[PDB]
Amino acid sequence: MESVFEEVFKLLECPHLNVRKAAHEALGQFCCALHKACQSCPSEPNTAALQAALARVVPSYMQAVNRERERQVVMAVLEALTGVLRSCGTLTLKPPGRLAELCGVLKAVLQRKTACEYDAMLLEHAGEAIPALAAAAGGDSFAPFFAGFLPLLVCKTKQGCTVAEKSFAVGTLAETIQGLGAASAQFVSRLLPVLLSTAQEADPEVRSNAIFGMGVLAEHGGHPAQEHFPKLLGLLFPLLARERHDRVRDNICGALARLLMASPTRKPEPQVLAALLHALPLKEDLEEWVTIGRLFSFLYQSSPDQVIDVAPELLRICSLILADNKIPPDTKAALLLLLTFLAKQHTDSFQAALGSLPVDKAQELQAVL
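Per the deposition metadata, X-ray crystallography was the technique used to determine this entry, at a resolution of 3.223 Å.

Asker: Just to check I follow, could you spell out a nonpolar patch on the surface for this structure?
Answerer: On the surface, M1, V4 and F30 cluster together into a nonpolar patch covering about 240 Å² of accessible area. Relative to the elements of secondary structure, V4 occurs in helix α1 (residues 2–10). By relative accessible area, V4 is classed as partly exposed at 35%.

Asker: When you look at helix α15 (residues 289–301) in this model, what are you seeing that I'm missing?
Answerer: Three or four residues apart is the spacing at which side chains of an α-helix point the same way, because the helix has 3.6 residues per turn. Compared with an ideal rise of 1.5 Å per residue, which puts 13 residues at 18 Å, α15 spans 18 Å between its outermost C-alpha atoms and is within 8% of the ideal. By the burial criterion, the buried members of α15 are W289, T291, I292, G293, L295, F296, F298 and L299. Summarising the contacts, the buried residues of α15 are in contact with α13 (246–262), α14 (270–278), α16 (311–321) and α17 (329–343).

Asker: Explain the packing of aromatic side chains here, please?
Answerer: The geometry of two aromatic rings is summed up by the distance between their centres and the angle between their planes. Scanning the model with the defined rule gives three aromatic pairs in all. Seen from their ring centres, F146 and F187 are 4.7 Å apart, and the 80 degrees between their planes marks the pair as edge-to-face. Of this pair, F146 sits in helix α8 (residues 143–155) while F187 sits in the loop between α9 (163–180) and α10 (188–198), and the two are 41 residues apart along the sequence. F187 carries the same exposure label as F146, and that label is buried. Measuring from ring centre to ring centre gives 5.6 Å for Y300 and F341, while their planes differ by 75 degrees; the resulting arrangement is edge-to-face. Placement of the pair is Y300 in helix α15 and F341 in helix α17, with a sequence separation of 41 residues. A relative accessible area of 34% places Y300 in the partly exposed class. For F341, a relative accessible area of 19% translates into the label buried. A cation sits over an aromatic face here: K107 above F149, 5.4 Å from the ring centre.

Asker: Where do I start with the environment of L335 in this structure?
Answerer: In this structure, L335 sits in helix α17. Taking C-alpha positions, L335 is 9.2 Å from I321, a pair spaced 14 residues apart along the chain. The residues contacting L335, other than those within four sequence positions of it, are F296, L314, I317, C318 and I321.

Asker: Is there a simple way to explain the side chain of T114 in this structure?
Answerer: Within the secondary structure layout, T114 lies in the loop between α6 (98–110) and α7 (118–137). For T114, a relative accessible area of 16% puts it in the buried group. A polar side-chain atom of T114 sits 2.9 Å from the main-chain carbonyl oxygen of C116. Apart from the residues within four sequence positions on either side, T114 is in contact with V65, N66, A108 and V109.

Asker: Which parts of the structure should I look at to understand the layout of surface pockets?
Answerer: Which parts of space are left empty comes out when a probe the size of a water molecule is rolled across the atoms. Taken as a whole, the largest pocket spans an internal volume of roughly 470 Å³. Taken together, 20 residues make up the lining of the largest pocket; nearest its centre are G171, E175, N209, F212 and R247. When residues in the lining of the largest pocket are grouped by element, the largest group, six residues, is from α9. The class makeup of the residues in the lining of the largest pocket is four nonpolar, seven polar and nine charged.

Scoring rules and cut-offs
- Residues numbered from 1 in each chain as written, not as in the entry; some residues may be left out.
- Heavy atoms only, no water.
- Patch = residues over 30% accessible without salt bridge, like charges linked within 9 Å, V, L, I, M, F, W, Y side chains within 5 Å.
- Areas by Shrake-Rupley, 256 points an atom, 1.4 Å probe, with all protein chains shown as cover.
- Salt bridge = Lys/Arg side-chain N within 4 Å of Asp/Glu carboxyl O.
- Helix = DSSP H or I, 4+ residues; strand = E, 2+ residues; numbered from the N terminus.
- Buried < 20%, exposed > 50% of the residue type's maximum accessible area, 1.4 Å probe, protein only.
- Expected span 1.5 Å × (residues − 1).
- Contact = heavy atoms within 4.5 Å.
- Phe/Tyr/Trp six-rings, centres within 6.5 Å; stacked < 30°, edge-to-face > 60°.
- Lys NZ or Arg CZ within 6 Å of the ring centre and 35° of its normal.
- Polar contact = N/O pair within 3.5 Å; in protein donor to acceptor, adjacent residues only side chain to side chain.
- 1 Å grid on protein atoms, 1.4 Å probe; cavity = no way out; pocket = protein on both sides within 12 Å on 5 of 7 lines; lining within 4 Å.
- Points joined across faces, edges and corners; volume = space filled by probe spheres on them.
- Nonpolar A, V, L, I, M, F, W, Y, C, P; charged D, E, K, R; others polar.

See the structure below:
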(Lines give C-alpha, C1' and ligand atoms only; values in the text may rest on other atoms or scores of the structure.)
Protein backbone atom coordinates (compact mmCIF):
# COMPACT_ATOMS: atom_id res chain seq x y z
CA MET A 1 0.00 0.00 0.00
CA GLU A 2 3.12 2.18 0.00
CA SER A 3 2.32 3.12 -3.61
CA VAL A 4 -0.82 5.12 -2.80
CA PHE A 5 1.11 6.87 -0.03
CA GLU A 6 4.12 7.74 -2.19
CA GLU A 7 1.86 9.08 -4.96
CA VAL A 8 -0.45 11.15 -2.74
CA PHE A 9 2.68 12.40 -0.95
CA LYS A 10 4.28 14.29 -3.86
CA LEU A 11 0.93 16.06 -4.20
CA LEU A 12 2.00 18.28 -1.27
CA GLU A 13 4.27 20.19 -3.70
CA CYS A 14 1.30 21.37 -5.78
CA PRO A 15 1.06 25.18 -6.02
CA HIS A 16 -2.65 25.11 -5.12
CA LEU A 17 -4.09 25.25 -1.60
CA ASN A 18 -7.04 22.85 -1.77
CA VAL A 19 -4.88 20.16 -3.37
CA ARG A 20 -2.36 20.24 -0.51
CA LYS A 21 -5.15 20.31 2.09
CA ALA A 22 -7.01 17.36 0.54
CA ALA A 23 -3.74 15.43 0.16
CA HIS A 24 -2.80 15.90 3.82
CA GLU A 25 -6.24 14.93 5.11
CA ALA A 26 -6.32 12.02 2.65
CA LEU A 27 -3.01 10.66 3.96
CA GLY A 28 -4.39 10.96 7.47
CA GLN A 29 -7.59 9.14 6.55
CA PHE A 30 -5.54 6.33 5.03
CA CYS A 31 -3.46 5.99 8.20
CA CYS A 32 -6.56 5.95 10.38
CA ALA A 33 -8.29 3.40 8.14
CA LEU A 34 -5.17 1.25 7.83
CA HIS A 35 -5.13 1.14 11.64
CA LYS A 36 -8.74 -0.10 11.50
CA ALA A 37 -7.43 -3.01 9.42
CA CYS A 38 -4.85 -4.04 12.05
CA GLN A 39 -7.67 -4.90 14.48
CA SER A 40 -9.87 -7.25 12.42
CA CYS A 41 -6.93 -9.43 11.31
CA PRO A 42 -4.25 -8.48 13.85
CA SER A 43 -1.66 -10.64 12.09
CA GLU A 44 1.35 -8.49 11.47
CA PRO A 45 2.50 -8.23 7.88
CA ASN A 46 0.49 -4.97 7.77
CA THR A 47 1.28 -3.49 11.17
CA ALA A 48 4.68 -2.90 9.57
CA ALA A 49 2.65 -1.14 6.88
CA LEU A 50 0.96 1.05 9.50
CA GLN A 51 4.30 2.00 11.05
CA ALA A 52 5.84 2.45 7.58
CA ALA A 53 2.95 4.88 7.00
CA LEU A 54 3.05 6.91 10.21
CA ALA A 55 6.85 7.19 9.98
CA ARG A 56 6.43 9.41 6.90
CA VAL A 57 2.95 10.88 7.40
CA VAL A 58 3.43 12.14 10.96
CA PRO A 59 6.77 13.92 10.31
CA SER A 60 5.19 15.37 7.16
CA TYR A 61 2.55 16.74 9.52
CA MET A 62 5.08 18.29 11.91
CA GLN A 63 7.23 19.89 9.22
CA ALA A 64 4.00 20.91 7.49
CA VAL A 65 2.92 22.75 10.64
CA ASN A 66 6.21 24.64 10.87
CA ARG A 67 6.94 25.39 7.20
CA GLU A 68 3.59 25.55 5.37
CA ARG A 69 2.58 29.16 4.71
CA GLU A 70 -1.17 28.90 4.11
CA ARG A 71 -3.07 29.07 7.39
CA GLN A 72 -5.95 26.87 6.20
CA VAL A 73 -3.53 24.10 5.25
CA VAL A 74 -1.99 24.25 8.74
CA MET A 75 -5.51 24.12 10.20
CA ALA A 76 -6.48 20.96 8.30
CA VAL A 77 -3.06 19.46 9.06
CA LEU A 78 -3.72 19.97 12.76
CA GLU A 79 -7.23 18.47 12.50
CA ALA A 80 -5.96 15.42 10.59
CA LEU A 81 -2.98 15.23 12.96
CA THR A 82 -5.35 15.13 15.94
CA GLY A 83 -7.29 12.41 14.12
CA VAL A 84 -4.25 10.18 13.61
CA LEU A 85 -3.21 10.90 17.21
CA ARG A 86 -6.61 9.79 18.54
CA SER A 87 -7.19 6.68 16.42
CA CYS A 88 -3.76 5.00 16.41
CA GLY A 89 -2.18 6.06 19.69
CA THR A 90 1.19 4.78 20.86
CA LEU A 91 2.15 3.72 17.34
CA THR A 92 2.37 7.43 16.50
CA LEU A 93 4.67 8.04 19.49
CA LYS A 94 6.77 4.92 18.88
CA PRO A 95 10.01 6.34 17.39
CA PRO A 96 12.28 8.07 19.90
CA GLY A 97 11.86 11.77 20.53
CA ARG A 98 8.54 11.77 18.67
CA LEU A 99 6.57 13.11 21.64
CA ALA A 100 9.14 15.88 22.21
CA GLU A 101 9.07 16.92 18.55
CA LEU A 102 5.26 17.00 18.54
CA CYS A 103 5.31 19.12 21.70
CA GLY A 104 7.75 21.49 20.03
CA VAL A 105 5.51 21.75 16.97
CA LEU A 106 2.42 22.60 19.04
CA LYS A 107 4.47 25.14 21.03
CA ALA A 108 5.53 26.66 17.70
CA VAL A 109 1.82 27.05 16.96
CA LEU A 110 1.23 28.55 20.41
CA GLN A 111 3.96 31.21 19.97
CA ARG A 112 2.85 32.44 16.50
CA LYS A 113 6.28 31.06 15.47
CA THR A 114 5.23 29.39 12.23
CA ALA A 115 5.03 30.34 8.56
CA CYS A 116 1.75 32.11 9.31
CA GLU A 117 -9.25 36.14 13.27
CA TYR A 118 -8.06 32.88 11.71
CA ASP A 119 -5.65 32.85 14.67
CA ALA A 120 -8.46 31.76 17.00
CA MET A 121 -9.30 28.74 14.83
CA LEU A 122 -5.66 27.74 14.30
CA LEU A 123 -5.03 28.01 18.04
CA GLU A 124 -8.24 25.99 18.41
CA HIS A 125 -6.91 23.15 16.24
CA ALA A 126 -3.75 23.07 18.34
CA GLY A 127 -6.13 23.09 21.31
CA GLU A 128 -7.72 19.86 20.13
CA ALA A 129 -4.24 18.56 19.35
CA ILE A 130 -2.84 18.80 22.88
CA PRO A 131 -5.15 16.59 25.01
CA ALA A 132 -5.22 13.87 22.36
CA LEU A 133 -1.43 13.85 22.57
CA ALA A 134 -1.80 13.58 26.35
CA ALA A 135 -4.10 10.58 26.01
CA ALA A 136 -1.67 8.95 23.57
CA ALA A 137 1.39 9.49 25.75
CA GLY A 138 -0.62 8.45 28.80
CA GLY A 139 -0.47 11.32 31.27
CA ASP A 140 2.55 9.86 33.07
CA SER A 141 4.80 9.98 30.01
CA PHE A 142 3.25 13.37 29.17
CA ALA A 143 3.44 15.23 32.50
CA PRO A 144 6.81 17.04 32.04
CA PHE A 145 5.85 18.10 28.52
CA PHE A 146 2.57 19.41 29.95
CA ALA A 147 4.71 21.37 32.40
CA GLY A 148 6.08 22.77 29.15
CA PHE A 149 2.62 23.60 27.75
CA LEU A 150 1.43 25.23 30.99
CA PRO A 151 2.90 28.77 30.84
CA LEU A 152 2.09 29.20 27.15
CA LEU A 153 -1.59 28.50 27.84
CA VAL A 154 -1.45 30.68 30.96
CA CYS A 155 -0.20 33.46 28.66
CA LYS A 156 -3.48 33.66 26.70
CA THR A 157 -5.51 33.96 29.91
CA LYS A 158 -4.52 37.32 31.44
CA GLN A 159 -6.48 40.55 31.07
CA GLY A 160 -5.90 42.07 27.64
CA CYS A 161 -6.40 39.01 25.46
CA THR A 162 -9.44 38.39 23.29
CA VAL A 163 -12.10 36.22 24.93
CA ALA A 164 -11.63 33.59 22.22
CA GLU A 165 -8.08 33.25 23.52
CA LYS A 166 -9.28 32.95 27.12
CA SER A 167 -11.89 30.33 26.20
CA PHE A 168 -9.33 28.32 24.21
CA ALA A 169 -6.83 28.47 27.09
CA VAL A 170 -9.18 27.38 29.87
CA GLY A 171 -10.91 24.76 27.72
CA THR A 172 -7.67 23.19 26.54
CA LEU A 173 -6.32 23.32 30.10
CA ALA A 174 -9.42 21.49 31.35
CA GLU A 175 -9.59 18.71 28.75
CA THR A 176 -5.84 18.26 29.21
CA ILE A 177 -6.35 18.05 32.98
CA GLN A 178 -8.65 15.11 32.37
CA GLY A 179 -6.07 14.00 29.81
CA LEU A 180 -3.32 13.59 32.40
CA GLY A 181 -5.95 12.15 34.70
CA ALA A 182 -4.45 10.67 37.85
CA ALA A 183 -1.09 12.23 36.94
CA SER A 184 -2.60 15.74 37.12
CA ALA A 185 -2.11 15.67 40.91
CA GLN A 186 1.27 17.39 40.55
CA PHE A 187 -0.11 20.44 38.69
CA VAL A 188 -2.72 21.51 41.24
CA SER A 189 -0.68 24.29 42.87
CA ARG A 190 -0.03 25.74 39.39
CA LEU A 191 -3.34 25.17 37.56
CA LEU A 192 -5.70 26.19 40.36
CA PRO A 193 -4.91 29.95 40.42
CA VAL A 194 -5.61 30.24 36.68
CA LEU A 195 -9.04 28.62 37.03
CA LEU A 196 -9.89 30.62 40.16
CA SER A 197 -9.00 33.75 38.17
CA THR A 198 -10.84 32.98 34.93
CA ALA A 199 -13.97 32.03 36.90
CA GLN A 200 -14.51 35.81 37.28
CA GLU A 201 -14.24 36.95 33.65
CA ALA A 202 -17.28 38.83 32.29
CA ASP A 203 -17.90 36.21 29.57
CA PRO A 204 -20.23 33.17 29.72
CA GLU A 205 -17.96 30.74 27.85
CA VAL A 206 -14.83 31.69 29.82
CA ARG A 207 -16.52 31.01 33.16
CA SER A 208 -18.31 27.93 31.83
CA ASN A 209 -14.91 26.47 30.97
CA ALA A 210 -13.26 27.77 34.15
CA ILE A 211 -15.75 26.16 36.53
CA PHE A 212 -15.56 23.01 34.41
CA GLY A 213 -11.79 23.05 34.83
CA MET A 214 -12.20 23.35 38.58
CA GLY A 215 -14.51 20.34 38.41
CA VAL A 216 -12.39 17.95 36.38
CA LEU A 217 -9.37 19.16 38.35
CA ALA A 218 -11.19 18.26 41.56
CA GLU A 219 -11.95 14.87 40.01
CA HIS A 220 -8.53 13.76 38.70
CA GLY A 221 -6.70 15.87 41.28
CA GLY A 222 -5.07 12.76 42.71
CA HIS A 223 -5.18 13.94 46.33
CA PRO A 224 -3.54 17.38 46.91
CA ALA A 225 -6.45 18.91 44.99
CA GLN A 226 -8.91 18.14 47.79
CA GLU A 227 -7.05 20.36 50.27
CA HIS A 228 -8.52 23.21 48.19
CA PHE A 229 -12.03 21.73 48.40
CA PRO A 230 -13.27 24.18 51.10
CA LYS A 231 -11.91 26.92 48.84
CA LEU A 232 -13.55 25.63 45.65
CA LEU A 233 -16.94 25.42 47.36
CA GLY A 234 -16.31 28.94 48.68
CA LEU A 235 -16.22 30.06 45.05
CA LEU A 236 -18.89 27.82 43.51
CA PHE A 237 -21.48 27.88 46.32
CA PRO A 238 -22.13 31.66 46.06
CA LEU A 239 -21.64 31.77 42.28
CA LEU A 240 -24.47 29.30 41.65
CA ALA A 241 -26.71 31.59 43.70
CA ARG A 242 -25.98 34.66 41.56
CA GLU A 243 -25.19 33.13 38.16
CA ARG A 244 -27.90 34.52 35.88
CA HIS A 245 -26.67 32.47 32.88
CA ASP A 246 -27.80 28.93 32.10
CA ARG A 247 -24.61 27.36 30.76
CA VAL A 248 -22.32 28.47 33.59
CA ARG A 249 -24.98 27.22 36.01
CA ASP A 250 -24.97 23.80 34.33
CA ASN A 251 -21.19 23.52 34.55
CA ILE A 252 -21.34 24.61 38.19
CA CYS A 253 -23.71 21.72 38.89
CA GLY A 254 -21.32 19.38 37.10
CA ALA A 255 -18.29 20.64 39.03
CA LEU A 256 -20.09 20.51 42.37
CA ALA A 257 -21.13 16.94 41.58
CA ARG A 258 -17.53 16.09 40.68
CA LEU A 259 -16.11 17.33 43.95
CA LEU A 260 -19.01 15.76 45.85
CA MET A 261 -17.89 12.44 44.38
CA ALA A 262 -14.21 13.30 44.83
CA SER A 263 -14.35 13.23 48.66
CA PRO A 264 -15.45 9.85 50.10
CA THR A 265 -15.41 11.03 53.75
CA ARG A 266 -16.07 14.78 53.91
CA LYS A 267 -18.30 17.23 52.00
CA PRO A 268 -21.44 15.01 51.88
CA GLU A 269 -23.39 17.72 53.65
CA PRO A 270 -26.95 18.69 52.66
CA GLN A 271 -26.48 22.42 52.02
CA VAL A 272 -24.17 21.77 49.07
CA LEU A 273 -26.20 18.75 47.93
CA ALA A 274 -29.49 20.60 48.38
CA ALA A 275 -28.26 23.65 46.45
CA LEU A 276 -27.04 21.28 43.72
CA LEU A 277 -30.35 19.45 43.33
CA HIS A 278 -32.20 22.75 43.68
CA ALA A 279 -30.22 24.11 40.72
CA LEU A 280 -31.60 21.20 38.64
CA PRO A 281 -32.77 20.20 36.05
CA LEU A 282 -30.06 21.21 33.60
CA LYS A 283 -31.41 23.63 31.02
CA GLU A 284 -28.73 24.45 28.42
CA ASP A 285 -25.54 22.31 28.67
CA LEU A 286 -27.00 18.79 28.54
CA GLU A 287 -23.59 17.06 28.48
CA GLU A 288 -23.48 17.16 32.29
CA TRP A 289 -26.55 14.93 32.68
CA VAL A 290 -24.08 12.03 32.75
CA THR A 291 -22.17 13.63 35.63
CA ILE A 292 -25.14 14.17 37.95
CA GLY A 293 -26.43 10.80 36.75
CA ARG A 294 -23.28 9.36 38.30
CA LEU A 295 -23.77 11.54 41.39
CA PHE A 296 -27.08 9.74 42.01
CA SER A 297 -25.31 6.36 41.82
CA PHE A 298 -22.64 7.60 44.25
CA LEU A 299 -25.38 8.69 46.66
CA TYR A 300 -27.16 5.32 46.58
CA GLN A 301 -23.86 3.43 46.72
CA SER A 302 -22.15 5.06 49.70
CA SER A 303 -24.33 7.58 51.60
CA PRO A 304 -27.95 6.52 50.94
CA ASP A 305 -29.43 7.79 54.21
CA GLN A 306 -28.93 11.28 52.73
CA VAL A 307 -31.51 10.66 49.98
CA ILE A 308 -34.34 10.87 52.52
CA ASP A 309 -33.80 14.59 53.13
CA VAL A 310 -33.82 15.39 49.41
CA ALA A 311 -36.75 13.08 48.61
CA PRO A 312 -39.10 15.94 47.57
CA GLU A 313 -36.28 17.41 45.48
CA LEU A 314 -35.41 14.11 43.78
CA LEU A 315 -39.12 13.57 43.13
CA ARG A 316 -39.60 17.05 41.69
CA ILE A 317 -36.66 16.42 39.33
CA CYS A 318 -37.64 12.88 38.29
CA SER A 319 -41.13 14.14 37.51
CA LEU A 320 -39.55 16.34 34.80
CA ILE A 321 -36.64 14.28 33.46
CA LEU A 322 -38.77 11.41 32.13
CA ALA A 323 -40.42 13.46 29.39
CA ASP A 324 -37.25 14.80 27.79
CA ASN A 325 -35.95 12.85 24.81
CA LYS A 326 -32.41 14.22 25.09
CA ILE A 327 -31.85 13.14 28.71
CA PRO A 328 -29.62 10.02 28.59
CA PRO A 329 -31.58 6.90 29.60
CA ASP A 330 -28.93 5.72 32.05
CA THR A 331 -29.33 9.01 33.94
CA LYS A 332 -33.07 8.42 34.31
CA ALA A 333 -32.25 4.90 35.49
CA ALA A 334 -29.79 6.30 38.03
CA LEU A 335 -32.56 8.53 39.41
CA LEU A 336 -35.05 5.66 39.55
CA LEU A 337 -32.44 3.72 41.56
CA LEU A 338 -32.53 6.28 44.38
CA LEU A 339 -36.32 6.58 44.14
CA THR A 340 -36.54 2.79 44.46
CA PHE A 341 -34.35 2.99 47.56
CA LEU A 342 -37.04 5.36 48.83
CA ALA A 343 -40.09 3.30 47.81
CA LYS A 344 -39.10 0.30 49.97
CA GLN A 345 -36.70 1.46 52.67
CA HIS A 346 -37.87 4.77 54.19
CA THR A 347 -41.31 3.92 52.85
CA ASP A 348 -43.71 6.39 54.49
CA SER A 349 -41.18 9.25 54.30
CA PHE A 350 -41.10 8.70 50.53
CA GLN A 351 -44.91 8.54 50.61
CA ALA A 352 -45.09 11.95 52.28
CA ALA A 353 -42.46 13.08 49.78
CA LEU A 354 -45.00 12.21 47.09
CA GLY A 355 -47.36 14.69 48.79
CA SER A 356 -45.88 17.82 47.24
CA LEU A 357 -46.12 16.60 43.66
CA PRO A 358 -49.10 17.33 41.40
CA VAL A 359 -51.51 14.41 41.81
CA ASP A 360 -51.50 14.03 38.02
CA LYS A 361 -47.70 13.79 37.85
CA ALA A 362 -47.42 11.96 41.19
CA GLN A 363 -49.03 8.94 39.48
CA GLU A 364 -46.85 8.88 36.37
CA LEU A 365 -44.08 8.05 38.86
CA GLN A 366 -46.31 5.36 40.36
CA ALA A 367 -46.58 3.84 36.89
CA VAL A 368 -43.47 2.06 38.23
CA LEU A 369 -45.30 0.42 41.14
